[PDB]
Amino acid sequence: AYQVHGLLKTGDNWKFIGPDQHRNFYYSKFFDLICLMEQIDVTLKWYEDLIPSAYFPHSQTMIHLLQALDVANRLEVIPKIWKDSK
Amino acid sequence: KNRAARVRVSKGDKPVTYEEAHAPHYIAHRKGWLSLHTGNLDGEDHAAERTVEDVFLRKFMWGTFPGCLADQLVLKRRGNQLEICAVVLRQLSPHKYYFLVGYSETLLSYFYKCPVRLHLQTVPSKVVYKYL
Amino acid sequence: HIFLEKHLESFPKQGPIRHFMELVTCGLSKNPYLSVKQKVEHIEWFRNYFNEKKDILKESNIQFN
Amino acid sequence: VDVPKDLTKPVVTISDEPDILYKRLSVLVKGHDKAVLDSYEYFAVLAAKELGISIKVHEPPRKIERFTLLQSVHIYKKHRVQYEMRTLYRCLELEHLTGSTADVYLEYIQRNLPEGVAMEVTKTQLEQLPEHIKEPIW
Amino acid sequence: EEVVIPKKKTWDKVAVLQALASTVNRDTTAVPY
Amino acid sequence: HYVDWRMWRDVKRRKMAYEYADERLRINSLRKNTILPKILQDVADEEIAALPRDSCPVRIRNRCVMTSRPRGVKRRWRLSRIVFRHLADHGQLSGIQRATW
Amino acid sequence: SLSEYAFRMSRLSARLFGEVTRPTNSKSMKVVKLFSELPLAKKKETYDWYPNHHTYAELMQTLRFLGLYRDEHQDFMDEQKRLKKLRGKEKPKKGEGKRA
Amino acid sequence: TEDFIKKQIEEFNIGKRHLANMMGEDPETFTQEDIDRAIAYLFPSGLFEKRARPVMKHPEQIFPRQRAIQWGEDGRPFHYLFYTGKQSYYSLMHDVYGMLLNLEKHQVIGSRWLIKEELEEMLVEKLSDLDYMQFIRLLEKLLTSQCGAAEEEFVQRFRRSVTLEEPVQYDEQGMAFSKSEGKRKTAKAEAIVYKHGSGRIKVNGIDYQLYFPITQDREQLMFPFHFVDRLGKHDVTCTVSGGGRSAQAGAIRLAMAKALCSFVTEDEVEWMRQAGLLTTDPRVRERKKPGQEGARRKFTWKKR
Amino acid sequence: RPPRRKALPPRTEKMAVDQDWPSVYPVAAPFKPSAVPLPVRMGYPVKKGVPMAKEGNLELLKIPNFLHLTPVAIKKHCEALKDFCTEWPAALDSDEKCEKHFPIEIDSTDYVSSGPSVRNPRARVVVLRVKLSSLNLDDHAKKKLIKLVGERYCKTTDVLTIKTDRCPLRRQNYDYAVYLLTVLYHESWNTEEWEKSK
């Protein structure tokens with residue numbers, strides 16, 4: 001996924017991300033994978049970088065982020081996330 | 001007694017914004033101009049056309065956002081660009097605000113043959129500089 | 001824009017009409033606000049007017065072409 | 001972490017035509033605001049320094065055009081209102097820069113020209129004698 | 001002593017704008033423009 | 001939809017003057033000289049007299065572009081003194097401020 | 001007045017600088033000064049002195065009919081017109097002046 | 001309130017850091033002057049009122065020093081003279097009176113008294129004219145008494161400096177001279193007076209007697225040198241521009257006096273100042289006002 | 001009752017002290033209080049008051065802010081634009097050498113103004129300047145050229161100045177200036193018989 005995203009970012013390939021629905025689906029799947037398979041620090045960095053500049057997360061993505069935080073035991077971010085949800 | 005653009009005190013309760021509070025002799029002293037364009041400079045031209053455009057823009061924007069405007073517009077001109085900066089109350093749903101922004105930008109761009117941008121800053125209520 | 005003498009070939013080589021058209025061409029050459037087409041149109045209108053008025057001009061003993 | 005992996009760049013083509021040489025660009029900016037002109041002067045000077053262009057600044061004397069209007073709508077001729085339109089100046093003289101550099105700098109400072117500030121740039125184009133003038137055809 | 005005249009660099013009318021845009025990344029805190 | 005019928009008359013006069021300006025200039029140039037014969041100049045005088053009256057530029061009046069006021073008009077802004085004051089005192093005219101010195 | 005050398009030099013200079021190569025008085029020079037500039041009527045400030053009030057008024061009226069422009073002044077005028085029509089003030093038909 | 005002031009202080013610190021980031025400078029060494037310069041550059045404003053221009057000062061300065069309520073949660077006022085309504089002024093008076101009592105126990109040139117507005121700003125309390133006069137009288141009685149160093153420092157808190165208001169060069173040939181400038185009406189003059197000379201004045205490269213035909217102008221030129229008895233002992237080269245004959249003569253006179261001040265003694269300089277030879281004349285033409293014939297003449301009030 | 005929308009907190013709160021400011025403001029834009037993380041205040045304060053806060057402050061909205069031209073942004077822009085510049089000839093160190101090698105100076109003006117129309121007649125003026133010393137002339141040709149040009153030659157500066165403004169375009173005026181210089185030079189080097197009447 002990181003290789004695919006780097007390919008998207010290289011040059012003007014980002015313009016091929018597609019319509020709004022396709023872009024939202026792409027970023028949702030990317031962030032879900034990032035939350036599942038990455039260290040919580042890099043996960044939070046990606047969360048800051050993409051949301052809300054890249055897309056607006058869905059409740060399922062937020063739940064996945066909460067699960068990743070719980071796995072990392074970094075519950076101190078849990079309140080902030082709720083504010084983010086608001 | 002001078003009456004131009006002054007808000008005469010009546011009871012000490014009528015609220016006025018920063019611009020309404022200040023009298024004409026305070027222009028360039030405590031308040032800047034509401035329209036900035038190179039027309040009135042030395043040697044420059046087309047001042048009358050810019051003035052007519054500004055008057056029409058103010059009237060059109062006031063009549064297009066009924067009661068939404070919380071203060072006078074600011075009409076900036078850079079090259080052939082035309083930025084209308086407005087302060088608007090948070091009355092309408094943002095859907096109507098976006099519709100009106102797109103409408104006014106496209107219509108003014110086609111009417112004055114210049115790229116017109118409209119920048120809105122929302123306020124919860126009319127800002128009160130003082131009470132008169 | 002400037003050398004419009006070539007458009008005076010339909011006018012007398014010498015004479016008062018030539019002097020007046022020399023003045024007109026000088027004025028047109030000094031004019032930066034008119035395209036070449038309009039400058040030529042002015043001279044063409046003068047030529048047509050003088051042609052229509054050739055009777056009066058020849059009465060005044062001033063030949064026009 | 002979302003930085004682009006690669007950067008795209010514009011195309012700069014080195015043509016075969018020799019570039020135009022400029023002895024002096026006299027960018028005279030006129031405005032109604034001294035602070036705005038000062039900020040623009042600082043911006044332009046910093047841009048010129050970072051672009052390796054020699055630049056000098058001076059301030060021509062301002063011009064304050066004044067005029068008078070009758071105050072009351074009817075009669076009362078002795079009462080008037082006097083308005084003025086201050087024109088403040090700032091002249092930037094850029095010396096010995098080529099045509100490409102001049103065009104780039106002018107575009108950069110013109111696209112960023114603040115509203116209410118007019119600009120009159122005077123370009124001194126160095127030229128060589130035409131062939132007809134180097135030696136007499138006679 | 002000889003003077004050389006450099007070749008004239010040419011570019012598209014949007015080249016300067018593209019060069020400037022190359023220097024700005026995406027604002028993370030900002031919603032799309 | 002002009003301010004008054006006088007403004008409408010002024011607009012019509014301006015339009016007709018713009019239409020006939022080239023011919024008026026040509027005929028006046030034929031007249032205002034001493035090179036050409038007198039008979040031709042008299043004919044040109046008659047011809048320019050035969051032109052419609054409203055085509056004469058001297059009949060154009062610089063009324064205000066917003067209240068049709070025929071006097072007190074500042075040519076640079078084409079506005080009457082009252083309208084110009086109303087706009088300037090509200091800050092809606094760039095760079096115009098009360099003059100105090 | 002000047003020597004023939006100076007006079008002919010001036011004439012040659014006028015020839016080079018696109019002036020009138022033949023002697024001419026001021027009255028005829030008025031023709032040159034007429035064609036050297038646009039006529040007063042043709043000037044941009046003259047024929048386009050007024051803004052197109054037809055265009056402005058018709059556009060605003062059409063927008064108001066389409067509902068995208070709230071002309072408060074016209075609403076006030078319509079309210080006053082309705083009140084006056086209820087009171088009994090209405091325009092009569094053409095050719096029907098009350099005074100006969 | 002106090003919590004509001006704390007929040008404003010935190011916001012100001014964050015904004016100072018952000019501004020230092022924006023201007024690319026060290027946040028730890030970003031002084032208030034740097035803040036002001038950055039704000040002036042980023043938010044230019046030609047408004048003449050300096051208080052109307054954008055400002056991002058410390059909350060201690062932006063907010064009035066009247067502070068929040070002068071009592072804690074319990075409601076007890078902090079200052080013991082609070083109920084006087086003028087706790088600052090009366091506390092200051094009490095301290096001054098204590099100083100006078102201690103002075104009793106133990107036993108002008110470059111400063112003026114701050115105006116009532118300055119004292120009000122000092123104590124952030126409204127004061128009356130008679131209150132200010134009473135305080136000034138007490139301060140002056142303190143000064144007249146044998147005030148010590150501490151009392152002098154106390155007074156200096158209220159002392160305001162009075163606004164009271166030369167190089168020698170050598171030419172390419174080692175002729176020691178002095179150069180000065182002067183203005184009069186619209187005429188501006190620049191004069192050069194040499195240390196040693198034989199009384200030769202060249203105005204615009206022309207001798208004064210041929211440049212100033214009027215005897216009055218020559219008398220004006222003579223005035224500075226004659227005042228110091230140095231007639232015929234100095235050479236002057238001066239250039240004047242603008243104005244009329246008398247304005248040019250006055251400008252040259254002022255420039256010559258200022259330049260010659262570099263050679264005469266300090267007592268002679270003081271004498272020249274007392275004679276009015278060094279003060280730039282502020283008498284300039286007054287503008288004509290609308291509705292009036294001239295600067296001061298009104299239109300003839302119509303006969304009734 | 002329909003719900004009432006609640007305005008979000010401004011994004012300046014989410015900003016970082018060590019962020020990249022040019023990202024926030026890439027281009028000239030009006031002052032947005034929700035986007036400027038500075039507690040700037042503008043407005044003449046009321047008696048015993050403070051200057052108005054930025055939210056709703058029309059005075060700050062009036063100012064043509066330079067927030068898009070911070071020194072960091074200027075440096076980055078110049079670094080990007082350095083690829084577009086061409087080096088000036090190092091040999092031409094001073095105006096003396098410039099006059100030695102390039103004896104003709106062409107002056108033209110471009111006027112920038114706010115409005116939908118970019119046309120400006122004053123931009124059509126071209127001013128050609130040349131030192132007669134830098135030309136190749138003899139005594140007689142120089143003397144004849146001076147009389148021909150008249151006031152266009154200043155003997156103090158030894159500079160001939162030909163101003164062309166009669167053509168609609170700047171290129172046409174430049175061509176006319178070159179042609180005028182050519183014909184003046186050729187007539188100067190041409191000798192007439194009536195010149196003997198001097």
# chains A, B, ... in the order shown; residues from 1 in each chain; ligands from 1
>>> select_by_dssp(residues="chain A", states="alpha helix (DSSP H)", output="ChimeraX atom specification")
/A:2-9,20-36,40-50,59-72,78-85
>>> closest_atom_pairs(of="chain B", to="chain G", cutoff="7 Å", atoms="only C-alpha atoms", output="tab-separated table")
residue	atom	partner	partner_atom	distance
B:63	CA	G:70	CA	4.9
B:64	CA	G:69	CA	4.8
B:66	CA	G:70	CA	6.5
>>> write_last_selection(atoms="C-alpha atoms", output="compact mmCIF listing (two decimals), in the first residue's frame")
# COMPACT_ATOMS: atom_id res chain seq x y z
CA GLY B 63 -29.73 42.17 -2.51
CA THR B 64 -28.39 38.66 -3.10
CA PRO B 66 -30.83 39.25 2.21
>>> atom_distance(atom1="CA of residue 26 (chain D)", atom2="CA of residue 62 (chain I)")
28.8 Å
>>> residues_around(residues="region 121-132 of chain D", least_positions_apart="3", cutoff="9 Å", atoms="only C-alpha atoms", output="PyMOL selection string")
(chain D and resi 20-29+99+106+135-137) or (chain I and resi 98-99+101-112+135+178+182+185-186)
>>> interface_residues(of="chain F", to="chain G", cutoff="8 Å", atoms="only C-alpha atoms", output="VMD selection string")
chain F and resid 1 to 2 11 14 to 15 17 to 18 21 to 22 25 29 32 to 35 57 65 78
>>> interface_residues(of="chain A", to="chain D", cutoff="6 Å", atoms="only C-alpha atoms", output="number ranges by chain")
A: 6, 9-11
>>> write_last_selection(atoms="C-alpha atoms", output="short mmCIF file (atom, residue, chain, number, x, y, z; two decimals), in the first residue's frame")
data_model
loop_
_atom_site.label_atom_id
_atom_site.label_comp_id
_atom_site.auth_asym_id
_atom_site.auth_seq_id
_atom_site.Cartn_x
_atom_site.Cartn_y
_atom_site.Cartn_z
CA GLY A 6 4.10 6.61 -3.44
CA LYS A 9 2.14 10.85 -5.23
CA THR A 10 4.90 10.74 -7.85
CA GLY A 11 4.48 13.43 -10.48
#
>>> closest_atom_pairs(of="chain D", to="chain B", cutoff="8 Å", atoms="only C-alpha atoms", output="tab-separated table")
residue	atom	partner	partner_atom	distance
D:30	CA	B:41	CA	7.1
D:31	CA	B:41	CA	6.8
D:32	CA	B:41	CA	7.3
D:63	CA	B:42	CA	7.7
D:85	CA	B:40	CA	7.1
D:86	CA	B:41	CA	7.6
D:87	CA	B:41	CA	5.9
D:111	CA	B:79	CA	7.9
D:113	CA	B:78	CA	7.1
D:114	CA	B:78	CA	6.7
D:115	CA	B:78	CA	5.1
D:116	CA	B:37	CA	4.3
D:117	CA	B:38	CA	5.8
D:118	CA	B:38	CA	5.5
>>> write_last_selection(atoms="N, CA, C and O atoms", output="mmCIF file, in the first residue's frame")
data_model
loop_
_atom_site.group_PDB
_atom_site.id
_atom_site.type_symbol
_atom_site.label_atom_id
_atom_site.label_comp_id
_atom_site.auth_asym_id
_atom_site.auth_seq_id
_atom_site.Cartn_x
_atom_site.Cartn_y
_atom_site.Cartn_z
ATOM 1 N N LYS D 30 3.116 53.065 -7.227
ATOM 2 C CA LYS D 30 2.324 54.129 -6.632
ATOM 3 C C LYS D 30 1.245 53.512 -5.761
ATOM 4 O O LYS D 30 0.657 52.488 -6.119
ATOM 5 N N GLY D 31 0.984 54.136 -4.616
ATOM 6 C CA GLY D 31 -0.007 53.615 -3.702
ATOM 7 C C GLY D 31 -0.611 54.720 -2.868
ATOM 8 O O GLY D 31 -0.162 55.866 -2.900
ATOM 9 N N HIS D 32 -1.654 54.369 -2.128
ATOM 10 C CA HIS D 32 -2.274 55.276 -1.176
ATOM 11 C C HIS D 32 -1.815 55.025 0.252
ATOM 12 O O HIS D 32 -2.283 55.707 1.167
ATOM 13 N N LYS D 63 2.576 63.039 -4.122
ATOM 14 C CA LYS D 63 1.717 64.036 -4.747
ATOM 15 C C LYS D 63 0.349 63.980 -4.091
ATOM 16 O O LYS D 63 -0.296 62.928 -4.087
ATOM 17 N N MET D 85 -6.367 63.016 -2.518
ATOM 18 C CA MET D 85 -5.982 61.671 -2.955
ATOM 19 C C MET D 85 -4.458 61.608 -2.936
ATOM 20 O O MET D 85 -3.800 61.964 -3.916
ATOM 21 N N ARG D 86 -3.904 61.156 -1.817
ATOM 22 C CA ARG D 86 -2.458 61.050 -1.704
ATOM 23 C C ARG D 86 -1.930 59.941 -2.600
ATOM 24 O O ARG D 86 -2.494 58.845 -2.660
ATOM 25 N N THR D 87 -0.836 60.229 -3.300
ATOM 26 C CA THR D 87 -0.140 59.247 -4.124
ATOM 27 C C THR D 87 1.298 59.196 -3.626
ATOM 28 O O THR D 87 2.074 60.135 -3.834
ATOM 29 N N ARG D 111 2.536 39.608 -9.961
ATOM 30 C CA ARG D 111 1.481 38.720 -9.494
ATOM 31 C C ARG D 111 1.203 38.925 -8.014
ATOM 32 O O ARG D 111 0.089 38.665 -7.547
ATOM 33 N N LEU D 113 1.560 41.940 -6.532
ATOM 34 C CA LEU D 113 1.316 43.356 -6.312
ATOM 35 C C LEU D 113 0.051 43.541 -5.483
ATOM 36 O O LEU D 113 -1.016 43.049 -5.880
ATOM 37 N N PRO D 114 0.117 44.220 -4.343
ATOM 38 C CA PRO D 114 -1.076 44.375 -3.507
ATOM 39 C C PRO D 114 -2.127 45.226 -4.194
ATOM 40 O O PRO D 114 -1.819 46.096 -5.013
ATOM 41 N N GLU D 115 -3.385 44.961 -3.855
ATOM 42 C CA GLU D 115 -4.468 45.778 -4.377
ATOM 43 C C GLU D 115 -4.334 47.208 -3.871
ATOM 44 O O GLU D 115 -3.929 47.447 -2.731
ATOM 45 N N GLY D 116 -4.662 48.161 -4.735
ATOM 46 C CA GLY D 116 -4.485 49.560 -4.427
ATOM 47 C C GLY D 116 -3.119 50.119 -4.752
ATOM 48 O O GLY D 116 -2.882 51.308 -4.508
ATOM 49 N N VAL D 117 -2.216 49.307 -5.294
ATOM 50 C CA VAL D 117 -0.876 49.746 -5.665
ATOM 51 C C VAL D 117 -0.708 49.545 -7.161
ATOM 52 O O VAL D 117 -0.773 48.412 -7.653
ATOM 53 N N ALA D 118 -0.492 50.638 -7.883
ATOM 54 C CA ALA D 118 -0.200 50.578 -9.305
ATOM 55 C C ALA D 118 1.306 50.515 -9.524
ATOM 56 O O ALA D 118 2.099 50.864 -8.651
#
>>> interface_residues(of="chain F", to="chain I", cutoff="12 Å", atoms="only C-alpha atoms", output="VMD selection string")
chain F and resid 91 to 92 94
>>> write_last_selection(atoms="C-alpha atoms", output="mmCIF file, in the first residue's frame")
data_model
loop_
_atom_site.group_PDB
_atom_site.id
_atom_site.type_symbol
_atom_site.label_atom_id
_atom_site.label_comp_id
_atom_site.auth_asym_id
_atom_site.auth_seq_id
_atom_site.Cartn_x
_atom_site.Cartn_y
_atom_site.Cartn_z
ATOM 1 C CA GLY F 91 -15.088 54.973 2.456
ATOM 2 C CA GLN F 92 -16.340 53.318 -0.733
ATOM 3 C CA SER F 94 -10.408 54.160 -2.969
#
>>> interface_residues(of="chain I", to="chain E", cutoff="6 Å", atoms="only C-alpha atoms", output="PDB file with N, CA and C atoms, in the first residue's frame")
ATOM      1  N   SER I  23       2.608  26.725   3.419  1.00  0.00           N
ATOM      2  CA  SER I  23       1.563  25.773   3.068  1.00  0.00           C
ATOM      3  C   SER I  23       0.182  26.339   3.372  1.00  0.00           C
ATOM      4  N   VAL I  24       0.045  27.051   4.492  1.00  0.00           N
ATOM      5  CA  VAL I  24      -1.251  27.609   4.869  1.00  0.00           C
ATOM      6  C   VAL I  24      -1.675  28.691   3.884  1.00  0.00           C
ATOM      7  N   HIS I  77      10.479  30.676  -2.874  1.00  0.00           N
ATOM      8  CA  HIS I  77      10.074  31.069  -4.217  1.00  0.00           C
ATOM      9  C   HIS I  77      11.276  31.449  -5.066  1.00  0.00           C
ATOM     10  N   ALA I  91      31.410  40.262 -18.230  1.00  0.00           N
ATOM     11  CA  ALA I  91      32.347  41.196 -18.846  1.00  0.00           C
ATOM     12  C   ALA I  91      31.865  42.635 -18.710  1.00  0.00           C
TER      13      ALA I  91
END
>>> closest_atom_pairs(of="chain H", to="chain D", cutoff="9 Å", atoms="only C-alpha atoms", output="JSON lines")
{"residue": "H:40", "atom": "CA", "partner": "D:35", "partner_atom": "CA", "distance": 7.5}
{"residue": "H:41", "atom": "CA", "partner": "D:39", "partner_atom": "CA", "distance": 5.2}
{"residue": "H:42", "atom": "CA", "partner": "D:39", "partner_atom": "CA", "distance": 7.5}
{"residue": "H:43", "atom": "CA", "partner": "D:36", "partner_atom": "CA", "distance": 8.3}
{"residue": "H:44", "atom": "CA", "partner": "D:35", "partner_atom": "CA", "distance": 4.9}
{"residue": "H:45", "atom": "CA", "partner": "D:35", "partner_atom": "CA", "distance": 5.4}
{"residue": "H:46", "atom": "CA", "partner": "D:33", "partner_atom": "CA", "distance": 4.7}
{"residue": "H:47", "atom": "CA", "partner": "D:33", "partner_atom": "CA", "distance": 8.0}
{"residue": "H:290", "atom": "CA", "partner": "D:80", "partner_atom": "CA", "distance": 6.5}
{"residue": "H:291", "atom": "CA", "partner": "D:78", "partner_atom": "CA", "distance": 4.3}
{"residue": "H:292", "atom": "CA", "partner": "D:78", "partner_atom": "CA", "distance": 7.7}
>>> atom_distance(atom1="CA of residue 126 (chain I)", atom2="CA of residue 152 (chain I)")
14.0 Å
>>> interface_residues(of="chain I", to="chain A", cutoff="12 Å", atoms="only C-alpha atoms", output="NGL selection string")
:I and (6-9 or 11 or 14-16 or 24)
>>> write_last_selection(atoms="N, CA and C atoms", output="PDB file, in the first residue's frame")
ATOM      1  N   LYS I   6     -23.659  24.031  14.643  1.00  0.00           N
ATOM      2  CA  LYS I   6     -22.669  24.592  15.549  1.00  0.00           C
ATOM      3  C   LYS I   6     -21.364  24.793  14.793  1.00  0.00           C
ATOM      4  N   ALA I   7     -20.827  26.007  14.853  1.00  0.00           N
ATOM      5  CA  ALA I   7     -19.579  26.305  14.169  1.00  0.00           C
ATOM      6  C   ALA I   7     -18.424  25.563  14.828  1.00  0.00           C
ATOM      7  N   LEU I   8     -17.548  24.995  14.006  1.00  0.00           N
ATOM      8  CA  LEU I   8     -16.408  24.256  14.513  1.00  0.00           C
ATOM      9  C   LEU I   8     -15.398  25.206  15.147  1.00  0.00           C
ATOM     10  N   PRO I   9     -14.532  24.696  16.026  1.00  0.00           N
ATOM     11  CA  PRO I   9     -13.409  25.506  16.482  1.00  0.00           C
ATOM     12  C   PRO I   9     -12.469  25.803  15.330  1.00  0.00           C
ATOM     13  N   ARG I  11      -9.290  26.159  12.888  1.00  0.00           N
ATOM     14  CA  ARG I  11      -8.199  25.224  12.656  1.00  0.00           C
ATOM     15  C   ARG I  11      -6.855  25.745  13.141  1.00  0.00           C
ATOM     16  N   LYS I  14      -5.532  23.517  15.764  1.00  0.00           N
ATOM     17  CA  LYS I  14      -4.875  22.292  15.328  1.00  0.00           C
ATOM     18  C   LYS I  14      -3.505  22.545  14.716  1.00  0.00           C
ATOM     19  N   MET I  15      -3.127  23.805  14.520  1.00  0.00           N
ATOM     20  CA  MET I  15      -1.840  24.113  13.921  1.00  0.00           C
ATOM     21  C   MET I  15      -0.708  23.811  14.902  1.00  0.00           C
ATOM     22  N   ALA I  16       0.501  23.718  14.359  1.00  0.00           N
ATOM     23  CA  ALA I  16       1.695  23.440  15.139  1.00  0.00           C
ATOM     24  C   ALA I  16       2.623  24.645  15.104  1.00  0.00           C
ATOM     25  N   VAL I  24       0.045  27.051   4.492  1.00  0.00           N
ATOM     26  CA  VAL I  24      -1.251  27.609   4.869  1.00  0.00           C
ATOM     27  C   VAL I  24      -1.675  28.691   3.884  1.00  0.00           C
TER      28      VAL I  24
END
>>> residues_around(residues="region 239-249 of chain H", least_positions_apart="6", cutoff="10 Å", atoms="only C-alpha atoms", output="MDAnalysis selection string")
chainID H and resid 181:192 202:206 208 211:214 216:221 255
>>> select_by_dssp(residues="chain I", states="strand (DSSP E)", output="ChimeraX atom specification")
/I:104-112,126-131,153-154,159-164
>>> closest_residue(among="A:3, A:24, A:39, A:85", to="residue 63 (chain A)", atoms="only C-alpha atoms")
A:85
>>> atom_distance(atom1="CA of residue 22 (chain C)", atom2="CA of residue 3 (chain C)")
10.9 Å
>>> closest_atom_pairs(of="chain A", to="chain E", cutoff="7 Å", atoms="only C-alpha atoms", output="Markdown table")
| residue | atom | partner | partner_atom | distance |
| --- | --- | --- | --- | --- |
| A:48 | CA | E:28 | CA | 6.8 |
| A:49 | CA | E:28 | CA | 5.4 |
| A:50 | CA | E:28 | CA | 6.9 |
| A:52 | CA | E:31 | CA | 6.0 |
| A:53 | CA | E:31 | CA | 5.0 |
>>> write_last_selection(atoms="C-alpha atoms", output="compact mmCIF listing (two decimals), in the first residue's frame")
# COMPACT_ATOMS: atom_id res chain seq x y z
CA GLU A 48 -2.87 13.80 10.97
CA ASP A 49 -1.59 13.99 7.39
CA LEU A 50 -4.66 12.62 5.62
CA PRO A 52 -9.27 15.98 7.13
CA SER A 53 -7.08 17.26 4.29
>>> interface_residues(of="chain C", to="chain G", cutoff="7 Å", atoms="only C-alpha atoms", output="PDB file with N, CA, C and O atoms, in the first residue's frame")
ATOM      1  N   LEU C  23      -1.814  67.551 -45.946  1.00  0.00           N
ATOM      2  CA  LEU C  23      -2.131  67.872 -44.556  1.00  0.00           C
ATOM      3  C   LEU C  23      -2.912  66.739 -43.903  1.00  0.00           C
ATOM      4  O   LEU C  23      -2.630  66.346 -42.762  1.00  0.00           O
ATOM      5  N   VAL C  24      -3.901  66.203 -44.616  1.00  0.00           N
ATOM      6  CA  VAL C  24      -4.727  65.134 -44.065  1.00  0.00           C
ATOM      7  C   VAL C  24      -3.884  63.897 -43.781  1.00  0.00           C
ATOM      8  O   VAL C  24      -4.023  63.260 -42.730  1.00  0.00           O
ATOM      9  N   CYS C  26      -0.636  63.786 -43.243  1.00  0.00           N
ATOM     10  CA  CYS C  26       0.230  64.069 -42.104  1.00  0.00           C
ATOM     11  C   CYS C  26      -0.524  63.898 -40.795  1.00  0.00           C
ATOM     12  O   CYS C  26      -0.014  63.289 -39.846  1.00  0.00           O
ATOM     13  N   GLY C  27      -1.751  64.417 -40.732  1.00  0.00           N
ATOM     14  CA  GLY C  27      -2.549  64.251 -39.529  1.00  0.00           C
ATOM     15  C   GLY C  27      -2.834  62.795 -39.223  1.00  0.00           C
ATOM     16  O   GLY C  27      -2.756  62.359 -38.072  1.00  0.00           O
ATOM     17  N   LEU C  28      -3.170  62.020 -40.255  1.00  0.00           N
ATOM     18  CA  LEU C  28      -3.448  60.602 -40.054  1.00  0.00           C
ATOM     19  C   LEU C  28      -2.203  59.854 -39.598  1.00  0.00           C
ATOM     20  O   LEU C  28      -2.277  58.986 -38.722  1.00  0.00           O
ATOM     21  N   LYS C  30       0.245  61.093 -37.899  1.00  0.00           N
ATOM     22  CA  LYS C  30       0.455  61.455 -36.504  1.00  0.00           C
ATOM     23  C   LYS C  30      -0.542  60.781 -35.571  1.00  0.00           C
ATOM     24  O   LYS C  30      -0.358  60.829 -34.352  1.00  0.00           O
ATOM     25  N   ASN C  31      -1.584  60.159 -36.107  1.00  0.00           N
ATOM     26  CA  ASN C  31      -2.647  59.600 -35.279  1.00  0.00           C
ATOM     27  C   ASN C  31      -2.312  58.177 -34.858  1.00  0.00           C
ATOM     28  O   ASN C  31      -2.159  57.305 -35.724  1.00  0.00           O
ATOM     29  N   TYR C  33      -4.320  56.399 -32.775  1.00  0.00           N
ATOM     30  CA  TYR C  33      -5.558  55.791 -32.310  1.00  0.00           C
ATOM     31  C   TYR C  33      -6.368  55.135 -33.419  1.00  0.00           C
ATOM     32  O   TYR C  33      -7.412  54.544 -33.131  1.00  0.00           O
TER      33      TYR C  33
END
>>> residues_around(residues="region 43-50 of chain C", least_positions_apart="3", cutoff="8 Å", atoms="only C-alpha atoms", output="ChimeraX atom specification")
/C:7-8,10-11,21,25,39-40,53-54,57,64 /F:26
>>> residues_around(residues="region 72-76 of chain F", least_positions_apart="2", cutoff="9 Å", atoms="only C-alpha atoms", output="MDAnalysis selection string")
(chainID B and resid 40 45:48) or (chainID D and resid 69:70) or (chainID F and resid 62:64 69:70 78:82 84)
